[PDB]
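These notes concern the structure reproduced below.
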Amino acid sequence: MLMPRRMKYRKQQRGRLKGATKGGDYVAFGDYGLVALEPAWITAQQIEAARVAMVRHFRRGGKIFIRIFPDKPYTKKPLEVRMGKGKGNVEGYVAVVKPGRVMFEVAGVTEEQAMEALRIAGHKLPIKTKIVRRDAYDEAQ
């Protein structure tokens with residue numbers, strides 16, 4: 001028996017879903033928005049450090065809107081559940097992100113300056129990020 005006469009490769013229909021859509025960041029505020037296509041932990045510096053590079057990038061000035069904030073503890077210890085002599089030294093705080101999360105968003109600046117600036121922030125990020133307009137998402141051929 002290699003190929004029965006009843007079984008069939010079944011799969012889901014389409015990838016997107018209009019029903020369950022709780023937490024789908026697109027842009028929010030501004031004209032553009034930097035989305036994180038991968039899960040990662042954004043440090044405090046990544047938020048300000050990246051913003052500084054972006055603000056300076058805009059040759060014709062510009063303003064950025066940040067929503068991500070460090071809250072989730074950042075420890076380099078694999079196991080530490082109910083174990084320890086008190087509490088280990090935390091290596092700062094980070095902001096957990098997921099694929100499709102707008103961590104940044106600019107407005108007023110040109111597409112070239114905005115797209116590049118938004119990229120500069122993701123350049124130093126530990127995940128992939130792309131530029132998108134206020135709810136501007138096209139298909140990828």
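Ligands are numbered from 1 in the order shown, residues from 1 within each chain, and chains are lettered A, B, ... in the order they appear in the structure tokens.
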Please, which residues in stretch 67-124 of chain A fall within 10 Å of stretch 8-24 of chain A when counting only C-alpha atoms, and what is the closest atom pair and distance in Å to one decimal for each, ordered by chain then residue number, as CSV?
residue,atom,partner,partner_atom,distance
A:98,CA,A:23,CA,9.6
A:99,CA,A:24,CA,9.3
A:100,CA,A:24,CA,6.7
A:101,CA,A:24,CA,7.1
A:102,CA,A:24,CA,8.9
- residue A:104 environment, 6 Å, only C-alpha atoms, sequence neighbours closer than 4 positions dropped, as a list in words: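 With the cut-off at 6 Å, the set is residues 33, 34, 65 and 66 of chain A.
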Would you write out those residues with C-alpha atoms, as an mmCIF file, in the first residue's frame?
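Saved result, out-v4.cif, follows:
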data_model
loop_
_atom_site.group_PDB
_atom_site.id
_atom_site.type_symbol
_atom_site.label_atom_id
_atom_site.label_comp_id
_atom_site.auth_asym_id
_atom_site.auth_seq_id
_atom_site.Cartn_x
_atom_site.Cartn_y
_atom_site.Cartn_z
ATOM 1 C CA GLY A 33 5.264 52.150 10.388
ATOM 2 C CA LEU A 34 8.157 49.811 11.123
ATOM 3 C CA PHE A 65 6.218 57.503 17.322
ATOM 4 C CA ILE A 66 7.235 54.637 19.607
#
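Coordinates place atom CA of residue A:137 at a distance of 12.9 Å from atom CA of residue A:31.
For residue A:51, the list of residues within 10 Å, based on only C-alpha atoms and with local chain neighbours fewer than 2 positions off taken out, reads residues 45, 46, 47, 48, 49, 53, 54, 55, 56, 57, 63, 64, 65, 66, 104, 117, 118, 120 and 121 of chain A.
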- Pick the closest to residue A:58 from A:91, A:71, A:111, A:138: which is it, counting only C-alpha atoms?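 Once distances to residue A:58 are computed over only C-alpha atoms, the minimum belongs to A:111.
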- Message: To test your reading of the structure, identify every residue in stretch 50-121 of chain A that backbone DSSP assigns to strand (DSSP E), and report it as a count of residues only.
- Response: 15
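Minimum atom-to-atom distance to residue A:60, evaluated using only C-alpha atoms, belongs to A:114 out of A:90, A:114, A:79, A:7.
Across A:103, A:95, A:28, A:140, the tightest approach to residue A:43 is made by A:95 when counting only C-alpha atoms.
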- Message: Could you pull out the alpha helix (DSSP H) residues of stretch 49-96 of chain A, going by DSSP on the backbone, and write them as a PyMOL selection string?
- Response: chain A and resi 49-57
Can I get the selected residues back with N, CA, C and O atoms, as a compact mmCIF listing (two decimals), in the first residue's frame?
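Written output follows (part.txt):
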# COMPACT_ATOMS: atom_id res chain seq x y z
N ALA A 49 18.16 54.49 21.13
CA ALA A 49 19.33 54.45 20.26
C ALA A 49 18.92 54.51 18.79
O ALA A 49 19.48 55.28 18.01
N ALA A 50 17.95 53.69 18.42
CA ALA A 50 17.47 53.65 17.04
C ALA A 50 16.78 54.95 16.66
O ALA A 50 16.96 55.47 15.56
N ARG A 51 15.99 55.49 17.59
CA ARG A 51 15.27 56.74 17.36
C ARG A 51 16.24 57.87 17.05
O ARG A 51 16.01 58.68 16.16
N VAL A 52 17.34 57.92 17.80
CA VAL A 52 18.35 58.95 17.61
C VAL A 52 18.91 58.91 16.19
O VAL A 52 19.03 59.95 15.54
N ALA A 53 19.23 57.71 15.72
CA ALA A 53 19.77 57.54 14.38
C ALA A 53 18.76 57.95 13.32
O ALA A 53 19.11 58.52 12.29
N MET A 54 17.49 57.66 13.59
CA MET A 54 16.41 58.00 12.66
C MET A 54 16.17 59.51 12.62
O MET A 54 16.08 60.10 11.55
N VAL A 55 16.06 60.11 13.80
CA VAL A 55 15.82 61.55 13.90
C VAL A 55 16.90 62.34 13.17
O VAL A 55 16.61 63.33 12.50
N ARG A 56 18.14 61.88 13.29
CA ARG A 56 19.26 62.54 12.64
C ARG A 56 19.27 62.24 11.14
O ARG A 56 19.73 63.06 10.34
N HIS A 57 18.76 61.07 10.78
CA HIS A 57 18.71 60.66 9.38
C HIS A 57 17.89 61.64 8.54
O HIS A 57 18.37 62.15 7.52
- To one decimal place, how far is atom CA of residue A:88 from atom CA of residue A:126 in Å?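 If I compute the distance from atom CA of residue A:88 to atom CA of residue A:126, I get 24.2 Å.
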- Message: At a cut-off of 6 Å, using only C-alpha atoms, what residues contact residue A:30? Leave out same-chain residues fewer than 6 positions from it and give the result as a list in words.
- Response: residues 105, 106 and 107 of chain A
- Task: In Å, rounded to a single decimal, give me how far atom CA of residue A:134 is from atom CA of residue A:108.
- Result: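 So the two atoms, atom CA of residue A:108 and atom CA of residue A:134, lie 12.4 Å apart.
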- Shortest contact to residue A:75, candidates A:128, A:87, A:119, A:6, atoms counted only C-alpha atoms, goes to A:87
- Name the closest residue to residue A:29 among the candidates A:77, A:116, A:67, A:136; distances are taken between atoms, counting only C-alpha atoms.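 Of A:77, A:116, A:67, A:136, the one nearest residue A:29 is A:67, counting only C-alpha atoms.
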- Check the smallest atom-to-atom distance from each of A:97, A:26, A:37, A:3 to residue A:130 using only C-alpha atoms, then report the winner. A:37
- Skipping near chain neighbours, those fewer than 4 positions away, what residues fall within 9 Å of residue A:127 using only C-alpha atoms, listed as a PyMOL selection string? chain A and resi 36-40+122-123
Writing out the chosen residues with N, CA and C atoms as a CSV table (one decimal), in the first residue's frame:
chain,number,residue,atom,x,y,z
A,36,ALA,N,7.8,44.4,12.9
A,36,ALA,CA,8.7,43.3,13.2
A,36,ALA,C,8.2,42.0,12.6
A,37,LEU,N,8.8,41.5,11.6
A,37,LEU,CA,8.3,40.2,11.0
A,37,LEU,C,8.8,39.0,11.8
A,38,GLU,N,9.5,39.2,12.9
A,38,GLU,CA,10.0,38.1,13.7
A,38,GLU,C,9.9,38.5,15.2
A,39,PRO,N,9.7,37.5,16.1
A,39,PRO,CA,9.7,37.7,17.5
A,39,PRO,C,11.1,38.0,18.1
A,40,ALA,N,11.2,39.0,18.9
A,40,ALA,CA,12.4,39.3,19.6
A,40,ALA,C,12.2,40.2,20.8
A,122,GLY,N,15.4,49.0,12.5
A,122,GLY,CA,15.4,47.6,12.4
A,122,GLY,C,16.7,47.0,12.0
A,123,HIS,N,17.6,47.8,11.5
A,123,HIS,CA,18.9,47.3,11.1
A,123,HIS,C,19.7,46.8,12.3
